[PDB]
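Residue numbers (the authors' numbering), protein chains in the order written: chain H, 1 to 222; chain B, 1 to 244; chain N, 1 to 196; chain E, 3 to 233; chain J, 1 to 195; chain I, 1 to 204; chain A, 1 to 250; chain F, 2 to 244; chain G, 2 to 242. C-beta atoms are modelled at their ideal positions from N, C-alpha and C, and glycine is treated no differently.
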Ligand SMILES: [Cl-]
Ligand SMILES: [Mg+2]
Ligand SMILES: [Mg+2]
Ligand SMILES: [Mg+2]
Ligand SMILES: [Mg+2]
Ligand SMILES: [Mg+2]
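Below, the structure written as structure tokens:
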């Protein structure tokens, strides 16, 4: 994974690549690393895949119940506090490395969380194996007072750095824009710069190529 | 302390009866009648819904007849909420057996365990018993078709034909009169409906005040099918036997 | 990390660099290691980021509940709560914390709590990996009852040297001034402090 | 009446009837006397039998080398409380290498009895105790009541007709308090004290029980032919 | 422990189990019966860790016998094998797992068929025409792959089994002191005394 | 003593035009020793098919567990579980054993009976859902299956063509793995008919 | 100390009645009227907002509550009991369903869980039954729209239309005359407002009436875009203004 | 009725009769007082000499909590000891976590919450004591009186027991005659006088006087018992005033 | 009739223990009042110190729950302090768990839920108290939320509690009928305090010295109580108009 978060004028934008690996093997070429905690709070996750998904769902579930209990829109700091305390409790064994962002009645926010439970604050952040490629771009092109379209460009450029330069990252760029006063817009496969070229040959076999010993109808009805 | 307010639900009367069990049975005697009849080629379950309102949704409704697994069903008489607690336990128990032995649970084993749970609430814990009597209808490859009943005491018995709830005394006399051993399912369907029709506290027996189910081997070859009757199917079977 | 807290005439000032690392990679170059556990009781954090954050959060909770019942806690009390957490969980913690606060009765006070969870009340305290390089300098230059401007310069020059030699330290020099007047945040950038 | 079902209920005048009924069990118990000088402390107890074929219920129990008590009322409750004292004395020795002060022994019994008078399900202890001991502040005598009330005294008595001995000791106060360095005389005073509580029966050899602790005397009990000296 | 074999033929299941109990450099016994009758038509052989083997076997035996008395009925070989598998599958994630490998030979009276189940200590169950646990399989499986036919008689199965024991007695490093052979069929369980 | 490669085995699933295919080998071994050539790794609960590779005891246990859970689902819901819902149930169940996991590589395959959409999914031993348009692979020859599928596969194959592609994917992958093979089964699944075919393959 | 009440407080009387359940239903009878009507393309649930004081802000007290995005609840009886039941109902929809299947429970099953909670207050040690009847309206893909009543006993029944509380007897009779199986959602809202006016005495406007629907998905109420399969909550609370608009064409 | 048979039950008035019954047990007890002074507090109590056989000075009733707080009570003596034992546990845990010795208001609420908890359930009995207590902390002197209900307030002077009304009247005169403040040594003398004056309501048995005090100047902020010369001086002052 | 001793239903569906806990509320014979300004929320309560031996500074029924939340109680002080300690603990835990200050209405709901439990669970009695929570919430603004022994709670434009609550309530109702708004249209909290005391004087028909009253004021980011001299300053301002 490469994941980033970038603050702008009236909100925050996060982005991620879509590669999932098992050692040197690409397990999933188009996996979703952007997670919805609440409608306007979203999480980018690197690390152990099942962990980032599960911890994001649990806190998301509890955030929904909290929102219903308090008759209030959930705050990013609540998701941040709940995630960090859960991760700290498990002493790093839950390998979730998260960039938490969103808008709430208090304003727009951007945080990162380490698997051991420490948190950061910043205008631009990157996590994952491709974070050094991403951060190199962010440190080169970031400035104060970014517009929405500038921040999306910067964020996706930072993800691209990871896609091309980090073997842990690849395929596509997902983006989510959280602007104050508006609905969060999830941009699934915002960029797809890794489309497979046409194959040289069709490997469709002549029917009857495979030797068969038995046939039978399977009953799926009651 | 709190001793003052303890009803002592699990004690004997001077006559050696369990107060709470007796009073639970008294409660059940006001619940809608449910009848089970076991034929040689299947089982019938018939039950009367408790005084219906015209605005009640009849098709998406379940009050009397519940499915425990693919081979076993129950007819309920008493508090429905109490029955659902027990039904869920019974459903889980059936799956535990299937997971353990890779075979569907024999009917009696399921009936015994559910009856044992009821028994416990009469001997320890200081809680009120479940105000429920079940009619169990099911099939297994050991005894074939079986009818059982259990009541709040946790006592269970096997039957050829049986009723629970209201007017059991009159219902049993009628079943005892017209039942014979070589009976078929379709005959049993008729007997069940005829008995309810005569014992009912309502003016006339209609489709909207009934739940009906059969357990036949009337699938295709050596296997058992559970049929929980739809409203229209009860309307038809009520016409077919000339009750309406 | 390089962190320190220094008492002076009008109260106490806390100081810290802004570098967080994992090996030789700087995970955060603008970290805030100066943390509020109460209005005028703050701490400098060193060691594990996760541990020191978790501790500071618990302490802030304890002092908030203390204040609700018994009013403003003493700086000593805040240090005791830090100690209790650090001492009883010494096997599972990597936290070197300096506690600093301002009373009106007691004025400025500094307590340092090393790895084991012992407490040490001092006129000034230095801690973190970068502190090693300024023991000589700080001992030679510290005076009691310094002015605000003198104490700012002492911390600035000290952390400048700690940053210069310690690879784990760097970024900006943050400072928090605790006096009767209130709470003041100061920041000093590389272009100023590097050429001192 | 309506307020005596359990210990957790106060009566309208602020009484605890279960505690008072426990106090009543002590009054039915056989008389036992306690008295001390500045050097020694002495227990004297009248033992009770079921009939002429039975043994005489032992009234005196040793708690440590320097402490012990006598009982009146429910004997099993005295066994529970004496066992607790044995442990508390023992804890003090093992942990602090310190002989338990007779005063602390009293405070510990008070607090153990009290907890049984404020909670549901429990009952008060149905026994009264006279604790004697010699510690770092000299000789001591305590009176334990199962209400929780513990009282330090020069002398006292509990049980049936204890008022006779208690009056006697109140008269004899100035005499027996100065019986220093003389065990046999302090016992004689206690044996004369308990004699003021006798009716139709007199002190025999398998009837009388005496205990003594002091400056150069470990807590020791005398029964049988060893008390014949004092009749 | 060590050698346990099983062969399912037309009408019966035959179990052969080594007689040796060796500890260190001493053969402590040469007549050990590594089997328990779970029900009239179900037999279980076992091999593995010392102590664990018999403790597990007798524990299973007690449970099946309890079931038999409760229901006045004999569980099918399939049902028993599933119960045994689950007990081992529980065991493998316990604080101290049972290190016991079993073969279950039974005659299903409802189906009128012999059945042989191989279950290892992990709870890995398979139904087989012939089975073995431990190093025995490394010789017997290939031998049985060649000589076994599904329609063999009990006598043919015994001769096929003799061929296995002979091979093991020729190529195995350890002296396992022969085997006790038992047959499970429609009439129950009986022991061959002259093998 | 690597739990996922003691017994051996593979499973592969593919999508076609209004159909899905799921296939598995038949081997169960103990390291080098082949023990059973009848050990099927594909199960079904209603119309939802589940294939499981890895440690065989966990394969059996999880089948029994999901039969248990889908039976109770059907009794309470009064309908068969759909592939999307079942996929979530598998994920929840596996993550429940996060720090003491079942050593398995499950694969869900089936057609949603309401929408008619073909659905396949894969999981790691601890519940991470891996959804795919094209194919899912699992087992000790997963590298080989990845290579076979990635080259042989094309979208929108007809059921009879999809059978040839998935079979050739499995067979040639299995033959490059010592622990996979010893027979094979392929399931071709259409909206309301399922055909099961046993493949002839080399037995070494 | 500790809860010494480990015994049932609801027990069978000689006549067979469960006293505390009967008395709980009596509390429901005293409660303000609430009703539910099921249309072909939606469900409406409504109730009167009985204000305790004119200084009280009745907007801060919600009698109609969202349980899931597609399920809503209203009650008659004791407000506090209802409030904690909503808290528990919202949580159980997550713990016993969403955290397992990754989707919200169908109406009948959430109702079943709430009924269980209420049944346990009828049998467990040292508790009284809940003094409320619930009306739960909801939608799910495979069952469509549905409306359920949950009583203090834990019993639940599916309804085409019904009322509970103060003037339930008259309101049910009113609904029987007006309900048919072809009612459109707007027709059901109209009948709901008519039925409620009979039981309401004082002011009858959008500030004294609380009304919510289960209807079409509301993408504008979702709070985000980008996932085609997520289309928004079917539960919607009608505003004070939206009620008054319909009270003119009454 | 029957509302008075079980603790924690509200009567139709809104009263807990069992607590009111515990108050009757307190009214039956001996007199105890507390006087707040310039830089501290003074506690005194009446010890009825039931018999000649009671060892003088050796049945101590005033109790210390921590090193800076004194407690005295009237009613069921064992109940009072239970409350002090809890008070000592509360004070120890406060000092453990927060380092500083427990402030008096903080300590007052600890006892208050604990006593109030014994009015919440029918499985416990209310405390049969009113407790007068206090000491010196960082904010000066504090005197408190705590009742069976859990109710407590700060006091200039406090009294409870059989002679509470007599003692209260005498306390009110001191408050009126000394608006600027009473000194510690003066308050000790006054405490003796008031106990002797309050003894008129319990005059069958004669009594033994027991006094303690905490003062910033006189005892250095620590709780100490008044003994020897200072006690006899206070006794004599009291003896002169009754005649 | 044991249905009147514990919290189970009577034949008419009532909970007498809850009803009797409501009567315990007036046992102190103290009246409280709360109003909202533009920027603030003012709560005032009577202060009756009958005993001359009491330290008047320690007699209080207003509590600082958190930096932002204040709470006045109507009912006996032991139950009042029980509620206060729990409220403080709950508000502290909320901040630790969820990273932001507990809103006044959320704390009210939580305390109301706890109270509801005592009406359903037999071993726990209701607290004989009515709790009025006040703040200037960062989202909702000036807020008054009130809890009772039934577990009921609701937000208020303004409110009153005590024996003579009805007189104060109607007095406030009549003012808001006249003003046509939800609050006191005033800039400074000082004059909102003055309004509160003025309308309490009119409704109760009594005059107050500086020691007959108790005042809590909630502004943005802090709730505080007034000293006797702060109230005296406020009493002088009312008198000179
Ligand atoms: Cl809550
Ligand atoms: Mg750690
Ligand atoms: Mg550096
Ligand atoms: Mg191969
Ligand atoms: Mg090979
Ligand atoms: Mg209660």
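Residue i: CB within 7 angstroms of a non-hydrogen atom of ligand 1
i: residue 90 of chain A; result: no
Bridge partner(s) assigned by DSSP for residue i
i: residue 337 of chain A; result: The requested residue 337 of chain A is not part of the displayed model; chain A covers only 1 to 250.
i: residue 75 of chain F; result: F:131
i: residue 26 of chain N; result: N:21
i: residue 190 of chain G; result: DSSP lists no partner for residue 190 of chain G.
i: residue 17 of chain B; result: Beta-bridge pairing links residue 17 of chain B to no other residue.
Distance cut-off 7 angstroms: residue i Cβ against heavy atoms of ligand 4
i: residue 143 of chain I; result: no
i: residue 180 of chain I; result: yes
i: residue 33 of chain J; result: no
Contacts around residue i, its chain only, beta-carbon distance under 6 angstroms, and the 5 residues preceding and following it disregarded
i: residue 160 of chain B; result: 38
i: residue 4 of chain J; result: 17, 45, 47, 103 and 133
Cβ-based neighbour list, residue i, same chain, cut-off 8 angstroms, excluding 5 preceding and 5 following
i: residue 169 of chain E; result: 198
i: residue 77 of chain G; result: 25, 28, 29, 129 and 130
Near ligand 3: residue i beta-carbon under 7 angstroms from a heavy atom
i: residue 163 of chain N; result: yes
i: residue 166 of chain N; result: yes
i: residue 15 of chain N; result: no
Heavy atom of ligand 6 within 7 angstroms of residue i beta-carbon
i: residue 179 of chain B; result: no
i: residue 123 of chain G; result: yes
Spell out a yes or no on whether the region 73-89 of chain F and the region 29-37 of chain F are touching, meaning 3 or more CB-CB pairs, one atom from each, closer than 8 angstroms.
yes
Inter-stretch contact (C-beta, 8 angstroms, three-pair minimum) for the region 142-149 of chain G and the region 166-182 of chain G
no
Taking three-plus beta-carbon pairs below 8 angstroms as touching, is the region 85-95 of chain F in contact with the region 90-100 of chain G?
no
Inter-stretch contact at 8 angstroms, needing at least 3 Cβ pairs: the region 75-82 of chain A / the region 120-138 of chain A
Yes, the region 75-82 of chain A is in contact with the region 120-138 of chain A.
Would you list, in sequence order, the uninterrupted alpha helix (DSSP H) runs of no fewer than 4 residues that lie entirely inside the region 184-212 of chain F?
185-199
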